[PDB]
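> Before anything else, here's the structure in question.
Readers should treat all values here as calculations from the given coordinates under stated rules, not as data from a laboratory. Reconstructed Cβ throughout: ideal geometry from the backbone, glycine too, with neighbour counts over all protein chains shown.
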Amino acid sequence: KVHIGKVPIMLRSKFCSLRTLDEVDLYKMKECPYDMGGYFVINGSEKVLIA
Amino acid sequence: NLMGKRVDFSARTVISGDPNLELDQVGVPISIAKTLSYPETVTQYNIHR
Amino acid sequence: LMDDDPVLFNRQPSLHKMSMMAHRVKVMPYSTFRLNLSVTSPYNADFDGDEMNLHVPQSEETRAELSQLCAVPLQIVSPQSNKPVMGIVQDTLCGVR
Amino acid sequence: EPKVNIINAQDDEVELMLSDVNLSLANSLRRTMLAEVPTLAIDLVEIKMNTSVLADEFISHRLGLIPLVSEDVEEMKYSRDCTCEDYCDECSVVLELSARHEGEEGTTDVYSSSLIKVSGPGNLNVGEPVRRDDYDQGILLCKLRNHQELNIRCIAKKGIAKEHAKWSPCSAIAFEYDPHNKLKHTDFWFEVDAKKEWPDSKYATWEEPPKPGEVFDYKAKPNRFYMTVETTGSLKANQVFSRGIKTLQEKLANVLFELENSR
Amino acid sequence: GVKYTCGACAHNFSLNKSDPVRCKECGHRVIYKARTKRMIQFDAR
Amino acid sequence: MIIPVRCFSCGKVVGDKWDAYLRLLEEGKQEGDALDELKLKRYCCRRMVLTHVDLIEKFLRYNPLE
Amino acid sequence: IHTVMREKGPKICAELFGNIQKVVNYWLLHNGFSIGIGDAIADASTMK
Amino acid sequence: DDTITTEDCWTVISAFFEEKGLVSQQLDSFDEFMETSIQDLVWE
Amino acid sequence: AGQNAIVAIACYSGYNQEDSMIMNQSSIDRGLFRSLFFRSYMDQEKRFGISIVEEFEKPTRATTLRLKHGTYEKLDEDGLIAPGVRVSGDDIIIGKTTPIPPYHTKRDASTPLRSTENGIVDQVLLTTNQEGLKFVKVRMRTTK
RNA sequence: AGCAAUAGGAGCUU
Ligand SMILES: [Mg+2]
Ligand SMILES: [Zn+2]
Ligand SMILES: [Zn+2]
Ligand SMILES: [Zn+2]
């Protein structure tokens, strides 16, 4: 398994680590339940792709 | 840089309306009034002031 | 900067010579600029976000030039249509009616 | 010649009819009670440990907005006319608040009743936060979870509502006169008829409606004024009214003093 | 030296500028300084 | 965030009424009747209590970091 | 305004704005002027 | 059976938003990307 | 994201003309349209070589040059200000030094506060970046 | 007694 690179992950998508973790653990992970995702985190900055 | 350029001794802020000002009066904030300045040559009529 | 100093006051865009006029200073608190309401027509200004620029003349020749050529009272009548450009507006008109 | 007719009188509000006075007098009284009657309110907050979710100036604003008993505040001095340095005992009231949540379930509410008066110019009856009853819990100040703590030292001082609304003894001073528009001081907007489309004043039955045969009177001035003072519990309604009158009296006496001693 | 705190496990401790940045109890990666000791005044306005 | 102490417009103290308002709402009473019993008669005071959104409950759910 | 400008000069014409503004603003402060939803409503016959 | 009212329409719309939310296009696009697009680009 | 204000539509005193608007000072005093503001400054240490790196530290005048015109008297011994401290404009909140390549051999790279803003320090964070060098985030707070 | 540049993007008032 050759490592070919790292792909940024869209928050609240099926590959995000927040997709599971119903509200209690979301609160424990410092994540707002109202936050809907749909963006990326690059160097700690939230980025959204404009259609 | 030649037809137009940036200049010193200028200010900018939001404008407001004042029914109690005269037509040729402008109300200047205190902070801007202290930041901006006018050079006044000292003479024998304005030395005390 | 002190009371009655002539300063050039200006709003962009400066479409005609009466968009930039010389005003007498009155020092006030509360960081906005204050304008008599009849001069908002030549500037095409209103009070919903607008900002205007103030230029301070640094010599006596420029003070005299401002006060004797660019002063607000001297621009009431315009050469564009040989009619006044400053009038009574926007509540004084309704109230005087 | 001035006359008062109280219509309703409880501790928090008094409803009264004022008569045989000029409208300027009645309006000056309304303004004085709204703006220039001194009270006591927290004017300086000292945070020791605040680990609650609320911010420090949020809590400070809320504490400053807490009504305190101000019955004896008139025998007290303004903190700008005292020789003392950092607050003494005679021109300030010092309060303490200590709150803490222990356990890992539930939320502990921090109420204004938890404020504790420590010092103050005794035995003056000032300083205590106002409670409605014996069983009142007071005002909500903050909420606390596990291990969160609030440690605050508040100072209370004398001030008026001109400087800041937290010193206002009054909430709303209802005020009206001439329910039937006999003086024609208003000119009713209408679509079809101005009499059908406008609700009656709550003091309409206190005055005779104009007769259809009546002509307009150009001698009548306003003479009866119906006003309802309400308080926040810091002062009582009769106290608010009487001290508004006294404050107005002392303002006029100050003017008279300056005039006489300007000769 | 100066007091710090973990961001994950809320542990209190104090580090002295030469050890790495870490928690004792858990070993977590992010730490926050502690509130100052001075006294802070607010105007309640 | 948390119930304001005073009414913005007139200054009546409403900060001591939020819990009573919630208790009135549990037994089924509609908002106008609850506001009537708390003796909020002016619509400024009424909209003070009627439009409050209590966000401190949401802010308190994130574990204290001390 | 044009007449006063032409006869009296720019200073008197400038002061005219202030005089009229102050008088009318005081009168309107103590008279009042508003607008409401009812000022845009015509009666039934006009609607017909 | 009775006439569908406006409130019935808002119930239907609440069902729609309960399912999809407000950013479902972003999430579904990215899920499609990571499920199929990367592998297809590798096999192009 | 708003508040239900009580609004009158009137030509009251002439100060609401041309989209101006009169607001009650007492309602402002009781908290109408009052808001918190949070500004966060960031800074980290870079590696210019083998043993040449930056350091978070209060820069003493003797060993450092080109020091900013603000005050440094608020930094602790670690070059970081503490949360809970009042800060004015031009004040330093993160002290940092960059070594002079080949006493008195250091220049400063400190981050001052913005010349316009007042406020109170809220949350001084400290961690390490992707490459293991020290990393600092400082969140300020104020009320508008 | 000394506070970089170049770009892109989003905005303010006409
Ligand atoms: Mg505009
Ligand atoms: Zn004293
Ligand atoms: Zn830890
Ligand atoms: Zn109210």
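> As an exercise, use a Förster radius of 60 Å and the Cβ-Cβ distance of I:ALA1 and D:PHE188 to find the FRET efficiency, rounded to the nearest 0.05.
In this case the efficiency is close to 0.95.
> Let me ask something additional. Averaged across I:2-13, how many Cβ atoms of other chains sit within 10 Å of each residue's Cβ atom?
Details: counts 0, 3, 8, 4, 8, 0, 1, 4, 6, 14, 7, 7.
That works out to 5 on average.
> Out of the GluC sites (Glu not before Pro) in segment D:163-256, which ones are loop residues according to DSSP with at most 13 other C-beta atoms within 10 Å?
D:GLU163, D:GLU191, D:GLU197, D:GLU214
> Distance from the Cα centre of chain H to that of segment C:48-92, in angstrom?
About 59 Å separates the Cα centre of chain H from the one of segment C:48-92.
> Which order do C:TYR30, E:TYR32, D:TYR78 fall in if you start with the one that has the fewest other Cβ atoms within 10 Å?
C:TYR30, D:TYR78, E:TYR32
> Within 12 Å, Cβ to Cβ, of G:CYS13, how many net charges do the neighbouring residues add up to if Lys/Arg are +1 and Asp/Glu are -1? Don't skip to the end; give the middle numbers.
On the way: positive: G:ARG6, G:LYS8, G:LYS11; negative: B:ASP24, G:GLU7, G:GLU15.
Surrounding charge for G:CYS13 is 0.
> If we count every other residue with Cβ under 9 angstrom of I:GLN123's Cβ, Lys/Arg +1 and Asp/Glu -1, where does the sum land?
+3
> Any chance you could check the Cα centroid distance between segment D:90-134 and segment I:49-86 for me, in angstrom?
Each part reduced to its Cα centre gives a spacing of 42 Å.
> Okay, next question. Which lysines, on any chain, are close to G:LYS48 with Cα under 28 Å apart, when same-chain ones fewer than 8 places away are left out?
Hits, sequence-local ones excluded: D:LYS195, D:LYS196.
> On to the next question. Report, please, the projected area of chain F averaged over directions, based on the convex hull of its C-alpha atoms, in nm².
5.3
> Which distance in Å, rounded to a whole number, links the C-alpha centroids of segment D:150-218 and chain F?
27
> If packing is taken as the average count of other Cβ atoms within 10 Å, what order do A:29-41, H:12-24 fall into, highest mean first? Don't skip to the end; give the middle numbers.
Working: A:29-41: 14.2, H:12-24: 10.8.
Result, highest mean first: A:29-41, H:12-24.
> Taking a cut-off of 23 Å, what percent of all Cα-Cα pairs in chain D are separated by more than that?
Considering chain D, 63 percent of its Cα-Cα pairs are separated by more than 23 Å.
> Projecting each Cα onto the charge dipole of the protein assembly as shown (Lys/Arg +1, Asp/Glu -1 at the beta carbon, about the Cα centre), which of F:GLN30, E:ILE31, D:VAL118 comes out farthest on the positive side?
The Cα lying farthest towards the positive end belongs to E:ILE31.
> Here is a follow-up. Given C-alpha coordinates of the protein assembly as shown, what is the ratio Rg to Rh with the Kirkwood estimate of Rh?
Result: Rg/Rh = 1.00.
> Pull up all non-local amide H partners of B:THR13: gap of 5 or more, or a different chain, and H-to-H distance under 5 Å with H placed in the peptide plane.
Here C:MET52 satisfy the definition.
> Something else now. List the residue ranges in chain D for DSSP H helices whose C-alpha atoms run 20 angstrom or more along the long axis and whose Kyte-Doolittle average is -0.5 or above.
In chain D, the long hydrophobic H runs are D:237-260.
> Also: Could you state, as a whole-number percent, how many of the C-alpha pairs of chain E are farther apart than 12 Å?
Percent of Cα pairs beyond 12 Å in chain E: 62.
> Here's a follow-up. Viscosity 1.002 mPa s, temperature 20 °C: give me the Stokes-Einstein translational D for segment D:39-165 in µm²/s, with Rh taken as the Kirkwood radius over C-alpha pairs.
140
> Tell me the GluC sites (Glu not before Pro) within segment I:8-73 that lie in a loop according to DSSP and have at most 15 other beta-carbon atoms within 10 Å. Intermediate values should be presented prior to the final figure.
Details: sites: I:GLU18, I:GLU45, I:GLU54, I:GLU55, I:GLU57, I:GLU73; in loops: I:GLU18, I:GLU45, I:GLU54, I:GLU57, I:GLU73.
Answer in residue order: I:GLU73.
> Calculate how large, on average over all directions, the projected area of the Cα convex hull of chain C is; give the answer in nm² to one decimal.
7.5
> Whose amide H sits under 5 Å from the amide H of I:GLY119, counting only residues 5 or more places off or on another chain, with H placed in the peptide plane?
Placed amide hydrogens put I:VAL87 under 5 Å from I:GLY119.
> Sum up the charges of everything whose Cβ sits under 10 Å from the Cβ of D:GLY244, counting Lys and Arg as +1 and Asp and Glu as -1, but leave D:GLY244 out.
For residues surrounding D:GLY244, the net value is +3.
> Quick one: give the max-minus-min coordinate of the C-alpha atoms of chain G along each principal axis, largest first, in Å.
Over chain G, Cα extents along the principal axes are 54, 25, 11 Å.
> Would you mind getting me the FRET efficiency between I:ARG107 and C:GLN80? Use the beta-carbon distance for r and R0 = 60 Å, nearest 0.05.
Efficiency for this residue pair is about 0.50.
> Starting from the amide H of I:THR98, placed 1.01 Å from N in the peptide plane, find each other amide H under 5 Å away whose residue is 5 or more places distant or on another chain.
I:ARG107, I:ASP108, I:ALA109
> Cα gyration tensor of chain B, axes a ≥ b ≥ c as square roots of the eigenvalues: rounded (a/c below 1.5), prolate (a/b > b/c) or oblate?
It is oblate, given that a/c is not under 1.5 and a/b is not larger than b/c.
> So which of I:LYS96/I:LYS134; D:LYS77/D:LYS251; A:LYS47/F:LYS58; D:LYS117/I:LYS144; F:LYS17/F:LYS58 end up more than 22 Å apart by C-alpha?
A:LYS47/F:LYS58; D:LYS117/I:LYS144
> In whole Hz, what ³J(HN,Hα) sequence does segment G:4-21 give by Karplus (6.51, -1.76, 1.60; θ = phi - 60°), x for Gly and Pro?
Per residue, the Karplus-derived 3J(HN,Hα) values read 5, 4, 6, 8, 9, x, x, 5, 5, 5, 5, 5, 4, 4, x, 4, 5, 4 Hz.
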